[PDB]
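Encoded as structure tokens, the structure appears first; notes follow it.
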Amino acid sequence: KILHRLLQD
Amino acid sequence: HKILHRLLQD
Amino acid sequence: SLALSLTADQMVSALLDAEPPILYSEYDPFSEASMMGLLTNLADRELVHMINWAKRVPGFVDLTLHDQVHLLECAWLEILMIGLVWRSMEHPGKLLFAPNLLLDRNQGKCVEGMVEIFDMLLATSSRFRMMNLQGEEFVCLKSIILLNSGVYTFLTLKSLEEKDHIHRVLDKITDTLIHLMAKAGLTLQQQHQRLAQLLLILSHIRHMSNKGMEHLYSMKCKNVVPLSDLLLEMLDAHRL
Amino acid sequence: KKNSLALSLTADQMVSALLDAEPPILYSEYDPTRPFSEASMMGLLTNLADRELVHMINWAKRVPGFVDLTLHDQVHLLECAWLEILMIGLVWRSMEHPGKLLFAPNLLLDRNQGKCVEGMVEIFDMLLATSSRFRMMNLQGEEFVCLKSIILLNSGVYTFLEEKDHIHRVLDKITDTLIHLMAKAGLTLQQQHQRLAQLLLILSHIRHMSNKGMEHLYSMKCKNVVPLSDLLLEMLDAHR
Ligand SMILES: CC(=O)Nc1ccc(OS(=O)(=O)[C@@H]2C[C@@H]3O[C@H]2C(c2ccc(O)cc2)=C3c2ccc(O)cc2)cc1
Ligand SMILES: CC(=O)Nc1ccc(OS(=O)(=O)[C@@H]2C[C@@H]3O[C@H]2C(c2ccc(O)cc2)=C3c2ccc(O)cc2)cc1
């Protein structure tokens with residue numbers, strides 16, 4: 001899930 | 001020609 | 001146009017009288033093709049009542065035939081859906097397609113892609129229930145859908161005046177919704193907040209309509225379920 | 001959450017936070033070697049939307065009340081609203097260019113440019129019609145950021161319940177801000193709730209454009225017209 005790590009960064 | 005136009009015109 | 005001259009109570013009074021009846025389904029003479037048969041037959045008879053209901057919506061008969069045809073072609077499934085959601089409010093977890101056709105997720109799962117749309121309709125009905133939506137507010141929202149859902153897809157100074165008349169009737173319905181909330185005792189702030197909550201739900205009704213229209217046009221290609229002549233022409237309007 | 005900063009913010013603090021969170025306007029690729037075709041057009045548009053998505057994600061995190069949601073709910077709203085958000089931003093910056101869509105400062109297309117792609121002209125007309133509608137209304141920047149945040153919070157709130165009530169509580173605050181903006185602008189109390197309605201009704205058409213656009217973006221994937229980034233692939237898979 002790319003959208004997951006983009007939200008944490 | 002559309003049935004809708006037929007039904008709306010009545 | 002007499003619609004612009006009506007009062008708030010006259011606008012409500014006109015729309016309430018124009019309300020179509022709650023129709024019945026053909027009962028117990030269930031396969032996927034049989035439930036799709038009941039739903040198609042039911043929606044088919046509702047269209048005839050919806051068409052005559054539109055002529056009683058103040059300001060609608062002041063448009064050209066082709067503009068009247070266009071508005072109905074675009075909104076018809078939204079109008080059927082907000083109707084279903086309204087009469088299903090008193091049945092939590094249930095969709096009251098008809099007093100004798102009470103369905104929930106247990107039947108939606110035997111038609112591909114239908115249980116997803118069932119969940120969205122139930123959430124909308126749950127939302128109207130938590131908001132305590134009233135009959136007077138309901139008829140205003142349904143009229144808003146009819147006039148608004150196709151107003152930005154029209155195609156002159158004459159056509160611009162017709163688009164402008166639709167926005168005049170829409171402002172009239174907005175004033176009517178506010179008058180209803182003001183008469184209910186809500187503060188000025190609560191009026192604006194509730195007006196906003198009701199109108200945002202229309203975006204979800206548009207979403208459910210587009211999601212449903214996509215399956216209904218694939219059903220026509222399969223040619224397994226026979227749809228009447230009027231329904232095939234309403235479907236071709238969205239595919240074109 | 002009940003300790004949300006969004007609820008503690010005033011209308012002026014809401015506007016300021018949204019204005020400072022505004023994403024940057026990005027440029028398009030300018031490779032002159034590529035011909036003017038469907039594959040190169042969709043490649044330009046795909047690349048731009050890919051880069052805009054990364055900035056939208058940072059913008060969403062700076063929308064008041066969004067950080068208070070769970071990671072899963074945050075994912076849901078972005079997956080549901082991302083095309084709506086890209087579309088309303090495109091419509092906003094295309095206001096100063098009548099009859100043309102300003103995808104980027106170096107990419108200003110009109111109605112004709114999308115005719116090498118089936119269905120793109122129809123959607124361009126809808127986007128152009130929305131831009132002209134925002135221009136006719138004289139949409140202000142402070143109203144734009146409120147509407148875009150409404151899209152982010154509302155578009156998916158019914159397809160996933162104290163978090164439900166948190167989103168609706170933040171949406172009510174954005175309603176207050178919109179009214180405060182119009183009152184401060186000098187509109188009458190009647191013009192306020194009418195303009196609120198007009199702005200929120202346009203959100204239904206933005207949803208309609210997104211639903212039709214998502215259907216085309218999915219067929220494009222299934223036709224191998226252009227390569228799709230892994231992030232865009234997950235955004236599309238959320239809708240099918
Ligand atoms: C495999 C397959 O055919 N699937 C599938 C088919 C249709 C889908 O449409 S609906 O959005 O569920 C669609 C919404 C609701 O269930 C379906 C239906 C309908 C409408 C017209 C029609 O001709 C058939 C059904 C309904 C409806 C009927 C009357 C009414 O007052 C309000 C809503 C969805 C999925
Ligand atoms: C498949 C086919 O034959 N035709 C067809 C193809 C695509 C269509 O996308 S759009 O809905 O026009 C869609 C709306 C706008 O044009 C297209 C596009 C897009 C979006 C994502 C993407 O990956 C590619 C393009 C847009 C856009 C991009 C950036 C932005 O800030 C705002 C809007 C429509 C029709």
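Chain identifiers are assigned as A, B, and so on, following the order in which chains appear in the structure tokens; residues are numbered from 1 within each chain, and ligands are numbered from 1 in order of appearance.
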
Within 9 Å of chain C, which residues of chain D show up? Give each one with its shortest atom-to-atom distance in Å (one decimal) and the two atoms involved, counting only C-alpha atoms, rows by chain then rising residue number, as a Markdown table.
| residue | atom | partner | partner_atom | distance |
| --- | --- | --- | --- | --- |
| D:125 | CA | C:153 | CA | 8.1 |
| D:126 | CA | C:153 | CA | 6.6 |
| D:129 | CA | C:152 | CA | 6.3 |
| D:130 | CA | C:152 | CA | 7.2 |
| D:133 | CA | C:152 | CA | 8.4 |
| D:150 | CA | C:200 | CA | 8.9 |
| D:154 | CA | C:200 | CA | 7.2 |
| D:155 | CA | C:204 | CA | 7.1 |
| D:156 | CA | C:204 | CA | 8.5 |
| D:158 | CA | C:123 | CA | 6.1 |
| D:159 | CA | C:120 | CA | 6.2 |
| D:168 | CA | C:197 | CA | 8.3 |
| D:171 | CA | C:197 | CA | 8.4 |
| D:172 | CA | C:193 | CA | 5.7 |
| D:173 | CA | C:193 | CA | 8.5 |
| D:175 | CA | C:193 | CA | 6.1 |
| D:176 | CA | C:193 | CA | 7.3 |
| D:179 | CA | C:192 | CA | 7.9 |
| D:190 | CA | C:175 | CA | 7.7 |
| D:192 | CA | C:192 | CA | 8.9 |
| D:193 | CA | C:192 | CA | 6.4 |
| D:194 | CA | C:171 | CA | 5.8 |
| D:195 | CA | C:171 | CA | 8.5 |
| D:196 | CA | C:196 | CA | 7.5 |
| D:197 | CA | C:174 | CA | 6.8 |
| D:198 | CA | C:171 | CA | 8.0 |
| D:200 | CA | C:199 | CA | 6.4 |
| D:201 | CA | C:199 | CA | 6.6 |
| D:202 | CA | C:148 | CA | 8.7 |
| D:203 | CA | C:203 | CA | 6.5 |
| D:204 | CA | C:203 | CA | 4.2 |
| D:205 | CA | C:149 | CA | 7.2 |
| D:206 | CA | C:203 | CA | 8.5 |
| D:207 | CA | C:203 | CA | 6.4 |
| D:208 | CA | C:206 | CA | 6.5 |
| D:211 | CA | C:210 | CA | 6.6 |
| D:212 | CA | C:210 | CA | 7.8 |

> Please, which residues have at least one atom within 6 Å of an atom of ligand 2, using only C-alpha atoms and all ligand atoms, listed as a ChimeraX atom specification?
Replying inline: /D:42,45-46,49,86-87,90,103,117-120,123,213,216-217,219-220

Could those selected residues go to a file with N, CA and C atoms, as a compact mmCIF listing (two decimals), in the first residue's frame?
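Resulting contents of again.txt:
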# COMPACT_ATOMS: atom_id res chain seq x y z
N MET D 42 -2.30 11.15 -23.06
CA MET D 42 -2.55 10.47 -21.80
C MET D 42 -1.27 10.32 -20.98
N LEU D 45 -0.86 13.75 -19.26
CA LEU D 45 -1.87 13.91 -18.21
C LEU D 45 -1.61 12.95 -17.05
N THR D 46 -1.22 11.71 -17.36
CA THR D 46 -0.93 10.73 -16.32
C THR D 46 0.24 11.18 -15.45
N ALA D 49 -0.84 14.14 -13.16
CA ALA D 49 -1.72 13.70 -12.07
C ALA D 49 -0.95 12.90 -11.03
N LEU D 86 -8.55 16.63 -7.85
CA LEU D 86 -7.80 17.10 -9.01
C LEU D 86 -8.68 17.88 -9.97
N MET D 87 -9.95 17.48 -10.09
CA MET D 87 -10.84 18.13 -11.04
C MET D 87 -11.24 19.53 -10.58
N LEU D 90 -8.37 21.85 -11.06
CA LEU D 90 -8.24 22.20 -12.48
C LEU D 90 -9.29 23.22 -12.89
N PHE D 103 -4.49 22.83 -17.36
CA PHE D 103 -3.92 21.70 -16.63
C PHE D 103 -2.63 22.10 -15.93
N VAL D 117 -8.90 11.20 -27.91
CA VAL D 117 -9.23 10.27 -26.84
C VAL D 117 -10.75 10.19 -26.69
N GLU D 118 -11.30 8.99 -26.86
CA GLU D 118 -12.74 8.81 -26.84
C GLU D 118 -13.31 9.12 -25.46
N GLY D 119 -14.30 10.02 -25.43
CA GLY D 119 -14.92 10.43 -24.19
C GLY D 119 -14.27 11.60 -23.49
N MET D 120 -13.09 12.04 -23.95
CA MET D 120 -12.40 13.12 -23.26
C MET D 120 -13.05 14.47 -23.54
N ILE D 123 -16.04 15.00 -21.26
CA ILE D 123 -15.65 15.37 -19.91
C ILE D 123 -15.04 16.77 -19.89
N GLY D 213 -15.04 9.90 -15.21
CA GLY D 213 -13.62 9.90 -15.47
C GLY D 213 -12.93 8.65 -14.96
N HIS D 216 -13.34 5.82 -17.37
CA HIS D 216 -12.43 5.91 -18.51
C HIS D 216 -10.99 5.59 -18.10
N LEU D 217 -10.55 6.10 -16.95
CA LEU D 217 -9.20 5.81 -16.49
C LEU D 217 -8.99 4.32 -16.27
N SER D 219 -10.60 1.83 -18.06
CA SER D 219 -10.49 1.23 -19.39
C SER D 219 -9.14 1.54 -20.01
N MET D 220 -8.61 2.73 -19.76
CA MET D 220 -7.28 3.08 -20.25
C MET D 220 -6.23 2.11 -19.72

>> Show me, as a PyMOL selection string, the residues that have an atom within 9 Å of residue 5 (chain D) when counting only C-alpha atoms, minus same-chain residues fewer than 2 positions from it.
In response: chain D and resi 2-3+7-9+64-65+68

Mind writing the picked residues with C-alpha atoms as a PDB file, in the first residue's frame?
ATOM      1  CA  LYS D   2     -13.007  15.365  20.708  1.00  0.00           C
ATOM      2  CA  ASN D   3      -9.674  17.201  21.157  1.00  0.00           C
ATOM      3  CA  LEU D   7     -13.271  22.283  16.250  1.00  0.00           C
ATOM      4  CA  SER D   8     -11.231  24.837  18.232  1.00  0.00           C
ATOM      5  CA  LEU D   9     -10.490  26.993  15.174  1.00  0.00           C
ATOM      6  CA  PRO D  64      -8.116  20.588   9.822  1.00  0.00           C
ATOM      7  CA  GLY D  65      -9.591  17.445  11.348  1.00  0.00           C
ATOM      8  CA  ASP D  68      -7.546  13.118  13.731  1.00  0.00           C
TER       9      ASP D  68
END

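Proximity ranking of C:5, C:218, C:176, C:25 relative to ligand 1 places C:218 first, based on only C-alpha atoms and all ligand atoms.
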
Residues of chain C that approach ligand 1 to 8 Å or less, counting only C-alpha atoms and all ligand atoms: could you list each one with the shortest pair of atoms and its distance in Å to one decimal, rows by chain and increasing residue number, as JSON lines?
{"residue": "C:36", "atom": "CA", "partner": "ligand 1", "partner_atom_place_in_ligand_line": "24 (C)", "distance": 5.8}
{"residue": "C:37", "atom": "CA", "partner": "ligand 1", "partner_atom_place_in_ligand_line": "24 (C)", "distance": 7.6}
{"residue": "C:38", "atom": "CA", "partner": "ligand 1", "partner_atom_place_in_ligand_line": "24 (C)", "distance": 8.0}
{"residue": "C:39", "atom": "CA", "partner": "ligand 1", "partner_atom_place_in_ligand_line": "25 (C)", "distance": 4.6}
{"residue": "C:40", "atom": "CA", "partner": "ligand 1", "partner_atom_place_in_ligand_line": "23 (O)", "distance": 3.6}
{"residue": "C:41", "atom": "CA", "partner": "ligand 1", "partner_atom_place_in_ligand_line": "23 (O)", "distance": 7.2}
{"residue": "C:42", "atom": "CA", "partner": "ligand 1", "partner_atom_place_in_ligand_line": "29 (C)", "distance": 6.1}
{"residue": "C:43", "atom": "CA", "partner": "ligand 1", "partner_atom_place_in_ligand_line": "29 (C)", "distance": 4.4}
{"residue": "C:44", "atom": "CA", "partner": "ligand 1", "partner_atom_place_in_ligand_line": "23 (O)", "distance": 7.0}
{"residue": "C:46", "atom": "CA", "partner": "ligand 1", "partner_atom_place_in_ligand_line": "31 (O)", "distance": 6.7}
{"residue": "C:77", "atom": "CA", "partner": "ligand 1", "partner_atom_place_in_ligand_line": "32 (C)", "distance": 7.1}
{"residue": "C:79", "atom": "CA", "partner": "ligand 1", "partner_atom_place_in_ligand_line": "31 (O)", "distance": 7.8}
{"residue": "C:80", "atom": "CA", "partner": "ligand 1", "partner_atom_place_in_ligand_line": "31 (O)", "distance": 4.1}
{"residue": "C:81", "atom": "CA", "partner": "ligand 1", "partner_atom_place_in_ligand_line": "32 (C)", "distance": 4.5}
{"residue": "C:82", "atom": "CA", "partner": "ligand 1", "partner_atom_place_in_ligand_line": "32 (C)", "distance": 7.6}
{"residue": "C:83", "atom": "CA", "partner": "ligand 1", "partner_atom_place_in_ligand_line": "31 (O)", "distance": 6.1}
{"residue": "C:84", "atom": "CA", "partner": "ligand 1", "partner_atom_place_in_ligand_line": "32 (C)", "distance": 5.1}
{"residue": "C:97", "atom": "CA", "partner": "ligand 1", "partner_atom_place_in_ligand_line": "30 (C)", "distance": 6.0}
{"residue": "C:108", "atom": "CA", "partner": "ligand 1", "partner_atom_place_in_ligand_line": "12 (O)", "distance": 7.7}
{"residue": "C:111", "atom": "CA", "partner": "ligand 1", "partner_atom_place_in_ligand_line": "1 (C)", "distance": 4.7}
{"residue": "C:112", "atom": "CA", "partner": "ligand 1", "partner_atom_place_in_ligand_line": "1 (C)", "distance": 4.0}
{"residue": "C:113", "atom": "CA", "partner": "ligand 1", "partner_atom_place_in_ligand_line": "35 (C)", "distance": 4.6}
{"residue": "C:114", "atom": "CA", "partner": "ligand 1", "partner_atom_place_in_ligand_line": "35 (C)", "distance": 3.9}
{"residue": "C:115", "atom": "CA", "partner": "ligand 1", "partner_atom_place_in_ligand_line": "12 (O)", "distance": 7.3}
{"residue": "C:117", "atom": "CA", "partner": "ligand 1", "partner_atom_place_in_ligand_line": "11 (O)", "distance": 5.6}
{"residue": "C:118", "atom": "CA", "partner": "ligand 1", "partner_atom_place_in_ligand_line": "12 (O)", "distance": 6.6}
{"residue": "C:208", "atom": "CA", "partner": "ligand 1", "partner_atom_place_in_ligand_line": "11 (O)", "distance": 6.9}
{"residue": "C:209", "atom": "CA", "partner": "ligand 1", "partner_atom_place_in_ligand_line": "11 (O)", "distance": 6.7}
{"residue": "C:211", "atom": "CA", "partner": "ligand 1", "partner_atom_place_in_ligand_line": "11 (O)", "distance": 6.4}
{"residue": "C:212", "atom": "CA", "partner": "ligand 1", "partner_atom_place_in_ligand_line": "11 (O)", "distance": 3.2}
{"residue": "C:213", "atom": "CA", "partner": "ligand 1", "partner_atom_place_in_ligand_line": "11 (O)", "distance": 6.4}
{"residue": "C:214", "atom": "CA", "partner": "ligand 1", "partner_atom_place_in_ligand_line": "34 (C)", "distance": 7.8}
{"residue": "C:215", "atom": "CA", "partner": "ligand 1", "partner_atom_place_in_ligand_line": "35 (C)", "distance": 4.8}
{"residue": "C:216", "atom": "CA", "partner": "ligand 1", "partner_atom_place_in_ligand_line": "7 (C)", "distance": 4.9}
{"residue": "C:218", "atom": "CA", "partner": "ligand 1", "partner_atom_place_in_ligand_line": "3 (O)", "distance": 7.1}
{"residue": "C:219", "atom": "CA", "partner": "ligand 1", "partner_atom_place_in_ligand_line": "3 (O)", "distance": 5.1}
{"residue": "C:227", "atom": "CA", "partner": "ligand 1", "partner_atom_place_in_ligand_line": "23 (O)", "distance": 6.7}
{"residue": "C:231", "atom": "CA", "partner": "ligand 1", "partner_atom_place_in_ligand_line": "23 (O)", "distance": 7.0}

> Using only C-alpha atoms, which residues sit within 8 Å of residue 6 (chain A) once same-chain residues fewer than 4 positions away are excluded, as a list in words?
Replying inline: residues 2 of chain A; 54 and 57 of chain D

Kindly save the residues from that selection, with N, CA, C and O atoms included, as a PDB file, in the first residue's frame.
ATOM      1  N   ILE A   2       1.042   1.843  -1.186  1.00  0.00           N
ATOM      2  CA  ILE A   2       1.867   3.040  -1.308  1.00  0.00           C
ATOM      3  C   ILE A   2       1.229   4.210  -0.573  1.00  0.00           C
ATOM      4  O   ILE A   2       1.922   5.014   0.060  1.00  0.00           O
TER       5      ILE A   2
ATOM      6  N   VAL D  54       1.019  13.334  -5.003  1.00  0.00           N
ATOM      7  CA  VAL D  54       1.945  13.378  -3.877  1.00  0.00           C
ATOM      8  C   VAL D  54       1.756  14.661  -3.080  1.00  0.00           C
ATOM      9  O   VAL D  54       1.840  14.661  -1.846  1.00  0.00           O
ATOM     10  N   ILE D  57      -1.622  14.585  -1.032  1.00  0.00           N
ATOM     11  CA  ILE D  57      -1.535  13.826   0.212  1.00  0.00           C
ATOM     12  C   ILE D  57      -1.022  14.707   1.345  1.00  0.00           C
ATOM     13  O   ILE D  57      -1.545  14.667   2.466  1.00  0.00           O
TER      14      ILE D  57
END
